[PDB]
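**Q** Dropping a structure here in structure tokens format, bear with me for questions.
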Amino acid sequence: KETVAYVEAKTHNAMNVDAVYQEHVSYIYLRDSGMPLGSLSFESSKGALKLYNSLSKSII
Amino acid sequence: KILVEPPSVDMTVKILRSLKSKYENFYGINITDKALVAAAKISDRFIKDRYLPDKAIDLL
């Protein structure tokens, strides 16, 4: 469960894992679809809450 | 289908900056570092049919 809890803060980079979790597969879909440099999806569970303050800095 | 992305101009600055050793040893003439950034950013807003690494490298 510590390795399961490791996943959500380390969604696409886990670096010592002998298992295929769900978020490994969803990395590949983004890796195959037109997903640029580290977006919302790469900022999962850490950056997607930082959006409302981000757009406030651009648009007031 | 492995989608090849455009190389995002500020990285082409880092590409040409790594290529300072080769062109200056190709034909000798010293290249300023203002114009290397200016070789890429002026290529954006003006040339359309070519794209980022071709524009950044052919002009030099």
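Chain identifiers are assigned as A, B, and so on, following the order in which chains appear in the structure tokens; residues are numbered from 1 within each chain, and ligands are numbered from 1 in order of appearance.
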Can you work out which residues from chain B touch chain A at a cut-off of 12 Å (counting only C-alpha atoms) and hand them back as JSON, numbers by chain?
**A** {"B": [1, 2, 3, 4, 5, 6, 7, 8, 11]}
**Q** Using Å and a single decimal, report how far CA of residue 42 in chain A sits from CA of residue 13 in chain A.
**A** 9.9 Å
**Q** For residue 43 in chain B, which residue out of B:30, B:14, B:9, B:55 is the nearest one, using only C-alpha atoms?
**A**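 Checking each of B:30, B:14, B:9, B:55 against residue 43 in chain B, counting only C-alpha atoms, the winner is B:55.
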